[PDB]
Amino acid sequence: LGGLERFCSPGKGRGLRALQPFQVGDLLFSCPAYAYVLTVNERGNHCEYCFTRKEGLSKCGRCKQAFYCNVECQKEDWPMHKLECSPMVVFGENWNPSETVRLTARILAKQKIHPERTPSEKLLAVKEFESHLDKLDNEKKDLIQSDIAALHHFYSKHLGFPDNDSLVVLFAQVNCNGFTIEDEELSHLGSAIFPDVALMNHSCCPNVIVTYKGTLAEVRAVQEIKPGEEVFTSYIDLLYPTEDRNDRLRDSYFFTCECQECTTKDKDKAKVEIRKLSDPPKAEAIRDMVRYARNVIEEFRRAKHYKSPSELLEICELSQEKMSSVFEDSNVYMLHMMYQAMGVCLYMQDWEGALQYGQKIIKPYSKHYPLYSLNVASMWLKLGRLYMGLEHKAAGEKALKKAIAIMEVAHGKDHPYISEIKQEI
């Protein structure tokens, strides 16, 4: 952070800019997690303190729901775990606080223990976070109050809570600044607050990428950065068309991106590719299928939580065949359902069906995503681990090297992950 500084970026608020050149691959800075939380569905597979994935984790003797590398990771996490250790025993199977509430809880506990500036807040402090309180509508304030109620519902026996109005601000700050920690396959590991990483503004053609070493965020260049140039990360999945991207960005972050990808709309034509029929859909018919695809995407998202895998496959297959009458296979909405179908096949342990989908996805993914995308890398890595599991070694190693080649740039040549994948080779 010596060759970097915060500044006022016109029309963007505060931001981060380079004071020195950065080549592709260079580490700009690392940031320790101010607060972090392991997701519920990853309990028992990951250490809750350092996010180290290993076997043979020690259960928390009292709750039997927290797992640790050892006694040191148990004792070091205790200040954060004590917000949950007893409520998990008492509430039983009705302890259902959302991951946001869980994270927000740890934030307040951290402010009690370490009220002064942490190694996480060298350039931007948690108290200094943007909240967009002034922009919040009814539904957003309503979701915040539901989170505040659940915070006192499950945590009152443990944490010092400020007034309602400070918690509105904090929850708003969390939504604006928070990060999801993802693994190598871009699966949801947990949620964290990285104050210094939160200083960076968004772009759909970013010059940096955020990766994780346990609970430690690392920021590496994916484009050449010059002195005086602002550093942009990306807040969202960049597969989708400009309208889709900015609907998500206005919704969650209260801004419209004006990057070169959003200005030119360069990739939209290929992203929403229409087939070459003698009777091609009208602009209205295209509009209607696109409106349908985005509604199906949202429905499948909420359907994922409860519907059976075979039911989930069905809607993926139904969506595809309907859209395939006007959309090409490299169309992004086709790719979405293909990706979701691939994931269901993986849970079903249909390794052959999963590999089939992955093969249809990889080439269009390389086209739509920017260079050094971990979206592309993890798809290669999924393909690779599928070829290897099915004893197809030439195709497996080739795909895994494609993954490693990107991950060296994004993760750094000697990240624990790359040596994990090299062992597979």
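In this text, residue numbers run from 1 along the sequence as written.
A.B. asks: Name the higher of the two by mean Cα B-factor in the PDB entry, 192-200 versus 281-289.
C.D. replies: Averaging CA B-factors over each stretch, the winner is 281-289.
A.B. asks: Test of understanding: from the entry's C-alpha B-factors, which stretch has the higher mean, 131-139 or 202-210?
C.D. replies: Per the PDB record, 131-139.
A.B. asks: Among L371, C50, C31, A377, which carries the highest Cα B-factor?
C.D. replies: If I rank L371, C50, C31, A377 by C-alpha B-factor, first place goes to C50.
A.B. asks: Say you rank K226, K157, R250, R102 by Cα B-factor from the PDB entry; which sits at the top?
C.D. replies: Each of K226, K157, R250, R102 was compared by C-alpha B-factor; the highest is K157.
A.B. asks: Can you tell me which third, lowest, middle or highest, the CA B-factor of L313 falls into for its chain?
C.D. replies: Ranked within chain, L313 CA B lands in the middle tercile.
A.B. asks: Could you look up the Cα B-factor of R302 in the entry and say which third of the chain it sits in: lowest, middle or highest?
C.D. replies: For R302, the deposited C-alpha B-factor lands in the middle third.
A.B. asks: Where does the C-alpha B-factor of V90 rank in its chain, lowest, middle or highest third?
C.D. replies: As the PDB entry reports it, the C-alpha B-factor of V90 lands in the highest third of its chain.
A.B. asks: Can you tell me which third, lowest, middle or highest, the CA B-factor of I236 falls into for its chain?
C.D. replies: For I236, the deposited C-alpha B-factor lands in the lowest third.
A.B. asks: Give the position of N246 by CA B-factor within its chain, expressed as the lowest, middle or highest third.
C.D. replies: For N246, whose C-alpha B-factor we compare with every modelled residue in the chain, the answer is the lowest third.
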